[PDB]
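Q: Take a look at this one; I'll ask things after.
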Amino acid sequence: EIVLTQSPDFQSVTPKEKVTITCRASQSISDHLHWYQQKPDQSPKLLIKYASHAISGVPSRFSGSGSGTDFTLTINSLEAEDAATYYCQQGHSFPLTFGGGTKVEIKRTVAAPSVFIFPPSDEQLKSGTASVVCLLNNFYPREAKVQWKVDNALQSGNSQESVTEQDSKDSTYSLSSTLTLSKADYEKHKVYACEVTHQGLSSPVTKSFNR
Amino acid sequence: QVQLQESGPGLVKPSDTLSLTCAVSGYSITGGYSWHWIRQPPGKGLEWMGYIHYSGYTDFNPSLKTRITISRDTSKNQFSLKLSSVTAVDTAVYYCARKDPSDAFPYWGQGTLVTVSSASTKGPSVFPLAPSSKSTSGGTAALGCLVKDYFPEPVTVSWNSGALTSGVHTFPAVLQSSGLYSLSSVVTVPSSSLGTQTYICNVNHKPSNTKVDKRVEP
Numbered sequence: 188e189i190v191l192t193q194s195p196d197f198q199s200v201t202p203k204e205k206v207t208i209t210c211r212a213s214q215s216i217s218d219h220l221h222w223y224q225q226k227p228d229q230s231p232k233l234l235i236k237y238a239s240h241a242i243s244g245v246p247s248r249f250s251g252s253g254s255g256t257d258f259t260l261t262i263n264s265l266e267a268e269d270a271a272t273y274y275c276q277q278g279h280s281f282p283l284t285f286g287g288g289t290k291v292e293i294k295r296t297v298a299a300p301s302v303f304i305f306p307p308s309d310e311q312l313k314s315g316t317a318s319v320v321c322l323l324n325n326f327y328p329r330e331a332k333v334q335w336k337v338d339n340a341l342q343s344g345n346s347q348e349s350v351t352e353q354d355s356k357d358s359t360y361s362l363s364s365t366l367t368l369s370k371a372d373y374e375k376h377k378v379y380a381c382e383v384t385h386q387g388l389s390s391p392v393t394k395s396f397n398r
Numbered sequence: 020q021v022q023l024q025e026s027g028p029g030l031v032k033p034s035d036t037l038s039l040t041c042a043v044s045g046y047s048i049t050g051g052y053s054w055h056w057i058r059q060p061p062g063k064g065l066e067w068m069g070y071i072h073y074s075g076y077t078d079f080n081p082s083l084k085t086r087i088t089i090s091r092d093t094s095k096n097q098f099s100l101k102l103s104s105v106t107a108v109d110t111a112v113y114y115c116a117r118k119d120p121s122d123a124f125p126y127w128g129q130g131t132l133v134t135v136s137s138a139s140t141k142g143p144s145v146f147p148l149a150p151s152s153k154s155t156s157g158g159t160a161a162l163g164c165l166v167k168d169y170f171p172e173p174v175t176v177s178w179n180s181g182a183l184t185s186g187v188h189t190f191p192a193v194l195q196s197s198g199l200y201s202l203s204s205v206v207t208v209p210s211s212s213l214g215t216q217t218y219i220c221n222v223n224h225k226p227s228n229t230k231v232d233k234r235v236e237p
């Protein structure tokens with residue numbers, strides 16, 4: 188059981204900057220360390236072999252170095268492309284082993300949310316429940332807050348959020364907040380507002396609808 | 020080009036035994052190399068499970084040895100995986116991988132997610148998120164699919180059969196209070212294309228054998 192420890196565990200890098208990642212083995216595996224990249228929902232992708240040998244069809248951007256106990260992977264010019272999580276693997280003895288991974292996030296310029304609000308459809312509505320969703324599209328950083336308002340009464344504990352992965356082209360995040368109510372509860376009210384608070388927004392944004 | 024392709028029931032009950040097969044095409048499992056099974060718990064990292072050699076020789080990771088077996092059909096070019104007495108720890112994405120002597124893994128399958136619960140499969144309902152604008156606005160409009168009340172993971176969402184790719188965001192499923200999953204899929208379009216083009220979400224949930232197209236209109 189060779190155990191592998193990567194560093195850092197999470198990391199925020201400005202575009203066109205260098206990313207360094209390190210492994211620490213628990214004994215000397217010398218040469219026998221590989222690096223994989225894994226974007227979400229995809230199988231890993233071999234990057235480096237042995238432990239400074241390049242794979243064919245892999246950017247000159249990536250490179251590795253190190254021996255025995257300490258190994259370093261480097262992306263020389265961070266591209267949006269490279270928003271993944273990085274693994275090292277040891278090939279010195281069975282069982283075969285990977286590190287905990289290193290999430291790398293790309294620290295691009297501040298972007299501002301584009302906000303949209305969607306009434307529940309009359310098909311869903313006719314089925315008893317009403318979902319009102321608020322789309323915060325393409326923003327950076329990830330952090331933001333969403334406040335539901337119904338007839339100006341501040342809603343709590345009936346909403347749920349999901350945040351997408353970092354775009355691989357412009358590197359921005361999207362968020363979805365879903366308010367679920369009873370159909371009866373739905374028409375006991377008239378105005379429904381998605382109030383959005385974020386760094387790129389000079390003042391909070393509210394998007395709403397009626398009827 | 021090799022091609023690894025795993026299939027297996029995506030929901031198996033706890034204490035039952037998980038069976039997975041990897042169909043391998045474009046290369047012979049008796050030709051060379053080693054054929055590996057690796058899993059990834061959701062949110063976690065890759066754990067190597069075991070393998071079978073081209074020779075037919077197998078080995079495994081301990082912490083699994085006493086409940087795991089691996090076999091093959093050379094006539095069918097597939098090897099298989101049996102994991103008995105399954106618990107929630109085994110909820111993961113499972114990968115086929117063909118390992119070189121390096122010993123690195125250049126080739127892997129897409130991964131299939133097995134989730135371990137006593138709960139029943141529920142096909143989803145699909146509701147539309149009407150476009151934010153009319154076709155005479157002249158800016159950008161957003162419309163989506165809302166896939167709601169399904170179990171288990173995963174569901175797959177494409178737009179217009181997959182011709183529409185740019186400006187599509189599919190949110191990770193969110194586990195609701197009723198222990199049912201739910202997500203949304205949204206797309207941003209030039210508003211002018213709302214009167215020239217029809218947007219359909221194709222929602223696909225194998226475990227319930229459900230394939231739904233929804234025409235999203237005002």
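So the protein sequences, as listed, match chains A and B. So the first sequence is numbered by the numbering used here: it starts at 188 and just counts up by one. So the second sequence is numbered by the numbering used here: it starts at 20 and just counts up by one. For every residue, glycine included, the Cβ atom is placed at its ideal position computed from N, Cα and C.
1. Could you compute how far the alpha carbon of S355 (chain A) sits from the alpha carbon of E268 (chain A)?
2. What are the residues in the region 321-332 of chain A lying within 9 Å of chain B by C-beta distance?
3. Measuring only between beta-carbons, confirm whether residue 10 (chain B) sits less than 8 Å from chain A.
4. Please identify, using Cβ separations under 7 Å, the residues of the region 234-259 of chain A that lie next to chain B, in order along the chain.
5. Given that a residue counts as buried once 16 or more other Cβ atoms are within 10 Å of its Cβ, and exposed if not, what is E66 (chain B)?
6. Under 8 Å, with one C-beta from each stretch per pair, do the region 183-194 of chain B and the region 273-293 of chain A reach the 3-pair mark?
7. Where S318 (chain A) and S104 (chain B) are concerned, what is the direct C-alpha to C-alpha distance, given to the nearest angstrom?
8. Just to make sure I have the definition right: I need the residues of chain A whose C-beta is within less than 8 Å of the C-beta of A149 (chain B). Which are they?
9. From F396 (chain A) to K313 (chain A), what distance separates their C-alpha atoms?
10. Can you list, in chain order, the residues of its chain with a C-beta nearer than 8 Å to that of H219 (chain A)? Leave out the 5 residues immediately preceding and following it.
11. Just grab the DSSP bridge partners of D354 (chain A) for me.
12. Is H385 (chain A) close to chain B? Criterion is C-beta to C-beta, closer than 8 Å.
13. In angstroms with no decimal places, state the Cα-to-Cα distance between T85 (chain B) and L165 (chain B).
14. What does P147 (chain B) pair with, by DSSP beta-bridge criteria?
15. How would you list, in chain order, the residues of chain B whose beta-carbon sits under 8 Å from the beta-carbon of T284 (chain A)?
16. Interface residues of chain A around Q129 (chain B) at Cβ under 7 Å?
17. Would you mind reading off the limits of the beta strand (DSSP E) that contains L323 (chain A)?
18. Within 10 angstroms of the Cβ of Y76 (chain B), are there 16 or more other Cβ atoms? Answer buried if so, exposed if not.
A: Based on what the coordinates show:
1. Distance between the alpha carbons of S355 (chain A) and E268 (chain A): 5 Å.
2. Correct list: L322, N324, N325.
3. Residue 10 (chain B) is absent from the model: chain B starts at 20 and stops at 237.
4. For the region 234-259 of chain A, which is checked against every Cβ of chain B, the residues closer than 7 Å are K236, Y237.
5. Classification for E66 (chain B): buried.
6. In short, these stretches do not touch, since the Cβ pair count stays below three.
7. Going by the C-alpha atoms only, they are around 40 Å apart.
8. Those within 8 Å of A149 (chain B) in chain A are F305, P306, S308.
9. Approximately 19 Å, taken between the alpha carbons.
10. The residues are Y237, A238, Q277, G278, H279.
11. The partner list for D354 (chain A) (beta bridge, DSSP) is empty, contrary to what the question assumes.
12. Taking 8 Å as the threshold, the shortest C-beta distance from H385 (chain A) to chain B does not fall below it.
13. Cα to Cα, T85 (chain B) sits roughly 43 Å from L165 (chain B).
14. Secondary-structure assignment with DSSP links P147 (chain B) through a beta bridge to B:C164.
15. Residues of chain B passing the Cβ test: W67.
16. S230, listed in chain order.
17. First-last of the beta strand (DSSP E) with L323 (chain A): 316-326.
18. It counts as exposed.
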